[PDB]
């Protein structure tokens, strides 16, 4: 066997025999999470059990999507790092276990606790998000669901992006781009406006908007655009940013939505210095550029990394790209028998993998020479 059984969240939890489960960490619609300790090296790990993966066709394509993407982004300082995977009962399995680097809480919890944070904290948090996002975008991947709940933090307040279940491809070819699949809908409070206004402009700007929502939530201690439905969400956004111009209005690809926005009374822009009168002026200037209503005027990731707000942290020699792009050919598969085969292949191939001029060089060549 080589495995142990634990009882957590009123179910079974089958782990490698080298570990001991220690604490429950939470639930979701997609699995349960516990913390553990390697009884040998003493390092801590988190163990995530994806549940009921072959109950619906959409849960199965979600798990395969997350498995492949976590492998593609291993080894970045600002992305959660996958260590191992395991399928305990391969004959009739309906779950897979992921072994990941262990963190302490998420950013939503820190904001909820009311613990005081300085402006240097805001700078560090926003810079780390942008470094991880630049890596992801360089592989032509859109995250699509950035928010404080998907950002893990530890005691040193280092930050790591997680949860790739909603990610989607991007291509400069608009026929290629129009063909990437979107199984689920993102969290309403952080979703960019051009998605519900039918701009047909699914670009990397959709992730930049979410980062702006996060900086605004940090500055006010509470979510910034907090709609109860989509109409309420649109009203709260126009109330802050104001009536759009004629170019922007014509871009609304939906007739009922364009008719509604065109008929509202005039609304002036509320300047961010009036909403956060005690904040760093550089913070509000970057906030204004990330929360641009029209995606064509919105700041890019690389422009944001160069903004004066972040000049202490910025070092382009420390902000890498991903070596290769990610391929989304698997999402075409629509047979659940094929998807069980692909998942088994991913796990066994990964398990085998993880178990496998400067001055000194110039002087070594000169020494072997003189000798």
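Numbering follows the first chain given and starts at 1.
Unmodelled stretch separating residue 356 from residue 357: 10 or more residues (count of deposited-sequence residues without coordinates).
Taking only CA atoms, the mean B-factor in the PDB entry is higher for 8-16 than for the other of 8-16 and 346-354. Mean CA temperature factor is higher for 34-42 when stretches 304-312 and 34-42 are set side by side in the entry. Between the residues 78, 187, 124, 200, the entry's highest C-alpha temperature factor is the one at 200. The top Cα temperature factor in the record, among 145, 84, 217, 183, falls on 183. Compared with the other modelled residues of the chain, the Cα B-factor recorded for residue 333 ranks in the highest third.
Among all modelled residues in its chain, residue 66 ranks in the middle third by Cα B-factor.
When the modelled residues of the chain are ordered by C-alpha B-factor, residue 224 sits in the lowest third. In the PDB entry, residue 132 places in the lowest third of its chain by CA B-factor. In this PDB entry, residue 282 carries a Cα temperature factor that places it within the lowest third of its chain's modelled residues.
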